[PDB]
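Residue numbers (PDB author numbering), protein chains in the order written: chain B, 12 to 129, 231 to 543; chain D, 21 to 110, 113 to 129, 232 to 543; chain C, 26 to 129, 231 to 543; chain A, 26 to 110, 113 to 129, 232 to 543. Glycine is no exception: its CB is placed at the ideal position from the N, C-alpha and C atoms. Here's the structure, in structure tokens; my notes come after.
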Amino acid sequence: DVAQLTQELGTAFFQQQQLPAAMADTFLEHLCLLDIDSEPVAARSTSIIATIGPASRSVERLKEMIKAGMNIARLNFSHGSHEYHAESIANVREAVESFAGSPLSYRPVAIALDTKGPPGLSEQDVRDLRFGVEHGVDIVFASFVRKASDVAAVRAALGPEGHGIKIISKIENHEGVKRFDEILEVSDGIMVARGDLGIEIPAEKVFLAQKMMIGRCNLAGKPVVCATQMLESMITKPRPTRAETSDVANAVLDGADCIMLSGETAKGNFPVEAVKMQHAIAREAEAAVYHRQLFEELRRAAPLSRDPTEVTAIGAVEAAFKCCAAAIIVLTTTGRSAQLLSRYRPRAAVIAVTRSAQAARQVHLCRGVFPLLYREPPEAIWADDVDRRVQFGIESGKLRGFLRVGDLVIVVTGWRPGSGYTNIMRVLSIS
Amino acid sequence: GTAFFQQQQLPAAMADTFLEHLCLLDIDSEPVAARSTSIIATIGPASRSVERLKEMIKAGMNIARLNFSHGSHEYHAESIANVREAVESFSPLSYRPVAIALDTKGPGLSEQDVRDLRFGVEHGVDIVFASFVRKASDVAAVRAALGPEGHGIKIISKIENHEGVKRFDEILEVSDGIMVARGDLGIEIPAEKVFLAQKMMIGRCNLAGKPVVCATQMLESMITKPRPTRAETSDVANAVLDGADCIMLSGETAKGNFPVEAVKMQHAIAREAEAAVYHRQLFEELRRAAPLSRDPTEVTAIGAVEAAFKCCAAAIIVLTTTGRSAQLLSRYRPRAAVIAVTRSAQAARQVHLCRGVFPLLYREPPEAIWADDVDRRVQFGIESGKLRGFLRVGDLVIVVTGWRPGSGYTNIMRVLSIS
Amino acid sequence: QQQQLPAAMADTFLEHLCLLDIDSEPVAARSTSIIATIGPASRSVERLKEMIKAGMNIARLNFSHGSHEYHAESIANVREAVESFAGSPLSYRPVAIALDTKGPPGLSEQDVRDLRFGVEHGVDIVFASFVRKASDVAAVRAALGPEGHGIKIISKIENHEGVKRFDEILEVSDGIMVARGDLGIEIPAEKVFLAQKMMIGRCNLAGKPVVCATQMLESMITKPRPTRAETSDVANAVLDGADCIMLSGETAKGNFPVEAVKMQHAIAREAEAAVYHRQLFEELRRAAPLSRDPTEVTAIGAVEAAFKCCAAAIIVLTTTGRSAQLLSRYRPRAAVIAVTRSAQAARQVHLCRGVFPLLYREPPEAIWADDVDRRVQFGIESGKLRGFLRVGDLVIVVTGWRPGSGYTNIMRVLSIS
Amino acid sequence: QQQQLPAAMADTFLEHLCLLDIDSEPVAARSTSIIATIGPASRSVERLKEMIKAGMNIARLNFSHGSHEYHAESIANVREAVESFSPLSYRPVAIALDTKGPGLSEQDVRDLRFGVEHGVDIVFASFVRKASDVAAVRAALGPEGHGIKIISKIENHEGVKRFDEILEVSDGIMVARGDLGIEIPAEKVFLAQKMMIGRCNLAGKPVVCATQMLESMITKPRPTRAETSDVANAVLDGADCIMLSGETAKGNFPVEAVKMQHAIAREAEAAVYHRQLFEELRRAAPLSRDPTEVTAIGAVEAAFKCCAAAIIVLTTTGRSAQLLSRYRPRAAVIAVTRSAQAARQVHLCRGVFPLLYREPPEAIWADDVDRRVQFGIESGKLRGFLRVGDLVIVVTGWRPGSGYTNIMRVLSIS
Ligand SMILES: O=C1c2ccccc2C(=O)c2c1cc(S(=O)(=O)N1CCC(C(=O)O)CC1)c(O)c2O
Ligand SMILES: O=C1c2ccccc2C(=O)c2c1cc(S(=O)(=O)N1CCC(C(=O)O)CC1)c(O)c2O
Ligand SMILES: O=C1c2ccccc2C(=O)c2c1cc(S(=O)(=O)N1CCC(C(=O)O)CC1)c(O)c2O
Ligand SMILES: O=P(O)(O)OC[C@H]1O[C@](O)(COP(=O)(O)O)[C@@H](O)[C@@H]1O
Ligand SMILES: O=P(O)(O)OC[C@H]1O[C@](O)(COP(=O)(O)O)[C@@H](O)[C@@H]1O
Ligand SMILES: O=P(O)(O)OC[C@H]1O[C@](O)(COP(=O)(O)O)[C@@H](O)[C@@H]1O
Ligand SMILES: O=P(O)(O)OC[C@H]1O[C@](O)(COP(=O)(O)O)[C@@H](O)[C@@H]1O
Ligand SMILES: O=C([O-])C(=O)[O-]
Ligand SMILES: O=C([O-])C(=O)[O-]
Ligand SMILES: O=C([O-])C(=O)[O-]
Ligand SMILES: O=C([O-])C(=O)[O-]
Ligand SMILES: [Mg+2]
Ligand SMILES: [Mg+2]
Ligand SMILES: [Mg+2]
Ligand SMILES: [Mg+2]
Ligand SMILES: [Mg+2]
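Below you can see the structure in the form of structure tokens.
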């Protein structure tokens with residue numbers, strides 16, 4: 012089963028990243044084999060959303076948070092003025108662009124606008241959504257979404273210039289949970305807003321709503337965010353409680369694409385340490401996912417597909433598991449081909465090469481997608497331009513530790529230019 | 021009738037995959053089964069009053085923990101007396119036994237631990253939570269310090285450091301059960317690795333059929349606040365979903381301002397989480413991993429649990445002298461409540477360590493005809509079950525008994541209709 | 026390790042196949058009953074004694090040939106051969122008598239007369255030819271008069287309509303026969319295996335007996351050894367889930383009737399050990415609906431307990447055979463030793479795979495619990511004499527809480543002393 | 026629905042059996058190859074043409090009987106019949124030499242040399258009892274016989290007991306039930322057959338089920354119920370090939386025997402429970418860093434996701450098609466090759482349909498690869514494998530020559 016690859020890659024490789032637990036035949040055996048001495052090796056795949064506020068607004072502090080692992084900056088429009096939020100956005104952009112001198116240092120960071128909330233779309237939300245479009249935000253976290261028409265109202269308020277902005281619906285009350293299917297259908301993703309949910313429904317039922325919503329989003333292949341009070345005590349203390357570390361680990365094990373920090377980064381005394389703690393827990397929890405059952409169940413539950421991007425994605429993930437591929441390099445214009453690979457939860461990192469700065473920021477919503485922004489002008493021959501981008505992903509991957517000489521990588525491309533034509537999977541040996 | 025299959029997450033229970041099971045979990049599907057995960061409450065100034073202890077017993081406290089890292093022997097003797105007074109204040115059909123557990127100060233075996241363990245035997249404690257167990261010889265030392273008079277006391281080894289996790293298998297083999305002592309574990313190993321040690325230890329204890337306790341900071345914010353954080357409710361629910369037999373409260377009940385509410389909160393979460401367990405996979409995996417056995421108690425237990433699942437039995441009523449027959453039923457995680465009828469006050473207290481075991485203390489002297497004595501105890505289990513809401517007329521129950529008096533002879537399973 | 030136990034412990038069906046071993050000898054008693062057709066080659070009392078010793082459990086009388094007088098003589102000869110072993114408990118074996126009708231536009235006049243002959247001669251089973259719909263079964267049931275309601279009706283599926291209306295036929299029948307001879311002429315020959323596998327699967331799911339019939343060892347009508355396809359066919363019928371396997375021309379007119387019975391016995395024993403019980407039991411459990419019938423609930427608990435301890439046997443007390451049939455439906459590896467006072471139920475339970483009938487004729491004890499104990503001990507002592515059990519073995523015992531049929535609700539684990 | 030698709034979607038093997046339907050017609054092309062023994066009843070060119078049309082894929086020459094001159098004439102007649110057949116529909120037919128048997234006999238050395246000189250594709254080596262027997266056959270084939278496939282016949286107790294060492298050095302196995310049924314108890318042959326088929330399926334190597342499959346058809350026009358069951362169960366067991374011996378070599382109904390195996394195999398292939406089979410084969414196949422192996426599992430997974438009508442693969446030696454076949458896709462594996470020997474030999478692998486490419490070469494290697502893929506599509510449409518609107522998976526490599534398969538592409542037809 013694993014004997015030839017154990018001889019080739021070594022016993023040390025197979026003792027890391029919870030690989031003994033990954034090879035177990037049952038979920039019970041998988042738990043029994045989890046090992047505190049089995050170190051994570053893969054890059055952290057669950058994105059961290061940090062709320063920006065008084066403790067995390069300065070350019071110097073934002074540079075530290077980007078280095079600690081922040082992928083998405085959340086602006087809570089329930090507090091502060093438009094002037095206050097515009098300055099936060101400018102500071103985030105200055106900190107992000109301070110690393111732009113090279114693909115080895117650059118890390119795209121998405122900007123998300125979290126609305127104040129509502231009897232339908234409020235007048236303040238209309239003004240805040242217009243502010244978001246004018247300031248080029250990547251994502252909207254829509255507060256108190258209760259039905260599909262609430263999403264349509266947010267979409268209309270973004271106007272024709274905001275068509276590319278992702279709408280993540282926040283489920284915060286009983287109606288949102290009950291009408292979940294209709295809301296998910298029209299949203300780009302979901303946020304389990306546990307703060308309000310824990311007041312709107314009995315506190316002892318929140319975990320059921322969280323697990324159900326994460327499961328349904330995983331089945332739909334749409335991003336899901338777990339939010340609120342994940343590391344709450346870290347607002348005043350340098351180390352979290354045992355329940356808080358457990359909560360972050362279990363959100364990742366449940367299947368969350370993103371985890372969030374609110375007061376921990378907006379007002380707390382340890383914003384950088386809170387990001388570092390979520391980073392450390394998420395890497396441990398990602399390695400502990402039982403991929404054997406998860407991949408089997410995602411295949412069994414997902415309907416058959418005639419979409420070549422979907423068909424190539426499952427073949428690429430299956431191939432990555434067969435050879436313990438270090439990465440899956442994918443070319444993408446909108447992020448969709450990377451999202452379809454992410455839905456099958458590969459252990460291999462999905463390195464997404466794109467010319468779209470906005471798609472590079474938005475793909476942080478999908479677990480395990482590492483965006484690489486390609487800035488070179490197009491080659492005269494399209495096939496050469498595709499090859500250059502694949503080589504850019506390989507060289508960036510090698511220079512950044514994702515790839516090593518001798519590794520196998522899976523490369524996912526399409527047959528013609530433009531979004532929607534991904535249909536090729538190639539197995540390449542890194543030299 | 022019809023609403024039965026809507027409740028207790030039964031639509032999610034019938035799912036063909038774990039992913040579909042999650043997708044079918046419903047916040048409107050109310051729990052019906054009695055809460056199976058026992059609650060351990062640490063005794064302290066917030067919970068020493070006899071009147072406060074009566075409220076904690078009513079709220080759901082099953083085991084009272086005495087932390088010997090604080091207070092003198094005189095202090096702990098008063099704690100024991102107050103717990104016993106509150107427990108004995110309670113109507114034999116509704117009486118709830120409450121175990122007393124002694125949690126040692128810790129270290232080899234210290235001289236203070238030798239004195240504290242002798243105090244425990246002299247005061248009749250049921251369980252010892254042995255601190256900082258690092259190897260099998262630590263358990264043997266605790267057992268020797270309990271002496272010949274403490275042979276019946278259960279030893280739960282607390283795993284609190286790297287060595288304890290690494291030598292886990294040898295420790296589990298000689299212990300009655302384990303406690304995942306997350307407080308010290310979270311200081312001894314990186315905080316971000318504690319969940320791995322917790323999940324591994326719970327999985328291994330579930331495989332071994334031995335009790336496992338999840339402990340420390342589960343509802344920490346309720347020491348000062350009336351409602352817990354979202355991470356705390358998640359932590360309690362995930363400990364139950366992981367497979368913990370018991371969950372614990374430390375500062376929340378010993379020194380905080382909401383000891384009764386903290387017990388009520390663990391009770392409420394545990395009931396919701398138990399209904400959300402995917403028994404289809406869990407039972408299949410426990411059966412597959414459990415070795416073949418020639419012990420009639422073990423063979424009867426798996427047959428009884430299989431029968432209970434076939435008919436959606438409301439309960440499995442088992443007669444037990446030491447608690448062993450109830451423990452062997454519990455290891456297969458039936459959805460049916462295991463109602464354990466015993467004359468041993470100590471066994472009635474100790475079986476709270478096993479998930480889904482509801483002990484009933486039978487006080488009547490033995491009937492002259494042994495089959496009549498067995499029947500009267502089964503009827504006592506039924507009448508208690510009806511009064512407490514476990515059973516109703518028309519329910520099916522599985523009754524587990526043995527072929528002769530004395531411990532060790534369980535060998536019969538019977539399907540009974542409640543009249 | 027014997028009885029394919031290394032293959033039994035495999036985690037996948039593919040691994041199970043890879044671990045099958047020609048040197049792993051079968052130990053369990055043969056569980057699939059053998060039905061032999063009685064005719065010119067197998068009618069004599071001396072030949073019938075050899076067929077009983079070789080393993081024949083059910084004698085089939087084909088009413089498409091011969092007179093009532095001819096068949097009455099065959100029945101008398103079978104009964105004389107069976108009773109010749111009534112002095113030795115080690116060799117006495119009940120043998121069922123099955124009447125196979127000539128067939129039909232509805233119930234034929236000849237079938238009414240032949241079914242009446244069956245009732246008058248005390249036959250145990252009817253193999254009803256060309257059953258095409260539920261009303262055909264109702265007609266056979268009505269023709270079984272006021273005296274034969276206890277006779278089992280096994281519907282023969284022999285044409286396209288019978289296959290298409292299978293669910294309605296199975297619902298009203300006691301069991302099914304896959305009558306491959308006519309089926310292979312009525313539908314394309316290359317589709318018969320699909321109908322066979324589907325019908326066996328559905329009968330296994332319903333917990334009703336299914337017989338695989340016709341041309342299983344055909345070449346043995348003239349040759350002393352079968353072809354490689356014929357041994358394969360018998361083994362695959364057992365692996366498919368057939369409760370019984372049948373011989374027609376091989377025993378009725380062939381030159382090697384005893385050898386044909388011996389060959390089916392030898393193959394069935396090898397094939398039964400090769401069954402992948404791990405998957406079979408899991409799938410039977412998952413597909414069977416929840417039940418509030420204590421006999422059904424006790425049966426699954428007893429089979430689960432037998433697997434847990436590798437029990438040598440499950441001893442069950444039964445008056446009608448129903449408690450043994452409900453144990454058989456879960457396909458335990460342990461032999462189901464059925465202790466009954468009903469001579470008819472003892473003959474009829476041969477239709478259920480793995481049921482070994484023991485006819486008990488002691489007068490009833492005044493104290494019911496003592497009468498139950500005496501019968502359980504009779505099953506144990508017969509099991510020891512026949513090689514099923516030894517001192518130290520574990521056995522599962524299934525009984526009810528009060529006398530009379532329909533109250534099975536107890537499972538006990540006993541250590542043999 | 027057709028091709029037992031209701032049974033294919035079942036959640037358990039038991040439910041799969043319950044859903045099998047005699048009215049659900051097979052649509053896929055027959056995947057299990059038929060080996061027919063050539064003899065007096067099937068030697069003529071006219072008879073051989075009818076056998077090729079009926080479905081014969083491999084012609085077996087039994088060197089236990091007849092002279093070298095007799096077998097050379099049989100080979101010439103098979104080749105004349107094959108070459109009588113339109114490049115988009117041409118069907119390659121392999122020639123297999125079945126040795127007399129024993232260490233290596235002097236007669237076998239002469240017969241193996243005859244085989245090399247006459248360009249046989251396969252050797253069915255009789256009575257293989259250990260790895261050194263396979264080495265001796267390989268040595269007797271010499272340097273000119275390097276490309277010939279050796280299928281070891283397991284015929285006795287020793288061969289069964291030393292099976293793993295024999296399989297390791299052989300190209301495949303034949304379950305030679307005739308001798309096996311005399312060497313071991315007849316009632317144990319099914320265990321040896323099921324074990325050997327299971328182990329060959331795990332190893333990804335061809336396995337042949339042989340002897341007395343349709344025996345009664347030597348004198349009768351229709352087989353017995355046990356014979357149709359035997360053929361169906363060999364396919365369900367996982368056999369890559371099924372064989373006819375006396376039925377085609379000396380019987381009165383050789384063509385009808387081939388037609389009967391074709392009809393049963395098609396029905397049995399649709400009745401395979403792919404949901405369990407693919408999951409088990411995928412789980413048991415070892416992890417690998419070989420790009421052909423990695424591409425093969427990705428291609429089979431992709432084919433199942435979209436209900437692909439076919440997987441078109443370019444192959445020089447047949448290896449890339451064999452690695453796809455080992456995962457038992459429901460999609461036909463259309464193997465496009467320029468090697469006539471590889472086209473003949475790939476009949477040993479279930480579900481591989483060889484197409485011998487004889488179109489003019491393109492100047493640009495990438496255009497030449499594209500035209501070979503288009504040839505597979507056009508041939509597929511003509512033969513009924515593909516229709517406009519179908520999805521196909523295409524498996525190719527990054528450079529010319531064997532061993533470089535590393536690409537899988539999803540293509541919509543027309
Ligand atoms: O907070 C912790 C803790 C934190 C970090 C690492 C380990 C621990 C720990 O082990 C622990 C804790 C608290 C208590 S207590 O219930 O508050 N209490 C019982 C007795 C006294 C009282 O009656 O108040 C004082 C202590 C424990 O009993 C206990 O074991
Ligand atoms: O030759 C007699 C016979 C001769 C004189 C007086 C009585 C009989 C007689 O009773 C009898 C005979 C033959 C057959 S059979 O060859 O076993 N037959 C072949 C296949 C049949 C089928 O495809 O359905 C069913 C079975 C019987 O079944 C049967 O009972
Ligand atoms: O090769 C000839 C042949 C050559 C020259 C002159 C005459 C003949 C001839 O008459 C003949 C041949 C082969 C076979 S066979 O069917 O292959 N045979 C069946 C038994 C074995 C098996 O079960 O696998 C394989 C051997 C015959 O049956 C047969 O009659
Ligand atoms: O993930 P998306 O948005 O569908 O983009 C995938 C597209 O990227 C490509 O690989 C390259 O296209 P471009 O040259 O237009 O960037 C296409 O072949 C493919 O259709
Ligand atoms: O669970 P344990 O300690 O083995 O006790 C089970 C015992 O209880 C009984 O059911 C009743 O025994 P007693 O009448 O002695 O209480 C025995 O038949 C059986 O052996
Ligand atoms: O299988 P059946 O026909 O329902 O018979 C089972 C019956 O056998 C018994 O075990 C013994 O009953 P009898 O004493 O009347 O033979 C009953 O308790 C049970 O109801
Ligand atoms: O299956 P094999 O023998 O490895 O052949 C596969 C080879 O066929 C090809 O697809 C085409 O190669 P050729 O152009 O030499 O025919 C190669 O890219 C690949 O390596
Ligand atoms: O709005 C939120 O983020 C919440 O309620 O958790
Ligand atoms: O001792 C304890 O309970 C701990 O450290 O958690
Ligand atoms: O009647 C039968 O037995 C048959 O046709 O197979
Ligand atoms: O050699 C063979 O083919 C046989 O014996 O079956
Ligand atoms: Mg909110
Ligand atoms: Mg501690
Ligand atoms: Mg008839
Ligand atoms: Mg007929
Ligand atoms: Mg031979």
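Quiz item: Would the beta-carbon of B/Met303 fall within 8 Å of that of B/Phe253?
Solution: yes
Quiz item: Alpha carbon to alpha carbon, what distance is there between D/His403 and D/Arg459?
Solution: 8 Å
Quiz item: Exposed or buried, what is D/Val360 when buried is set at 16 or more other beta-carbons lying within 10 Å of its beta-carbon?
Solution: buried
Quiz prompt | Straight-line gap, D/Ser89 to D/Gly80 (C-alpha atoms, nearest Å) | solution = 25 Å
Practice problem: Examine ligand 3 and report whether any of its heavy atoms sits within less than 7 Å of the Cβ of C/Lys349. | Solution: no
Exercise. Taking all protein chains shown into account, decide if D/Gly513 is buried (16 or more other Cβ within 10 angstroms of its Cβ) or exposed.
Key: exposed
Practice problem: For C/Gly375, name the three-state secondary structure that DSSP assigns. | Solution: helix
Quiz item: So which of C/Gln341, C/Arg68, C/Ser116 and C/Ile295 has the shortest CA-CA distance to C/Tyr95?
Solution: C/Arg68
Quiz item: According to DSSP, is B/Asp36 helix, strand or coil?
Solution: coil
Practice problem: Just the chain A side, please: which residues come within less than 9 Å of residue 547 of chain B by C-beta, in chain order? | Solution: Lying before the first or after the last residue shown, residue 547 of chain B is absent from chain B, which here runs from 12 to 543.
Exercise. Determine the extent of the alpha helix (DSSP H) in which A/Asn82 is found, giving its start and end residues.
Key: Counting along the chain, A/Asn82 falls outside any alpha helix (DSSP H), though it belongs to the beta strand (DSSP E) covering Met81 to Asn87.
Quiz prompt | Close Cβ partners of D/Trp527 (< 8 Å) along its chain, the five nearest in sequence each way excluded | solution = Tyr533, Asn535 and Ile536
Quiz item: Whole alpha helix (DSSP H) runs in the segment 338-411 of chain C with 4 or more residues, listed along the chain?
Solution: 354-366, 375-378 and 383-399
Quiz item: Cβ of B/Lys323 less than 8 Å from any chain D Cβ?
Solution: yes
Quiz item: Does the Cβ of C/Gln29 have 16 or more other Cβ atoms within 10 Å, making it buried, or fewer, making it exposed?
Solution: buried
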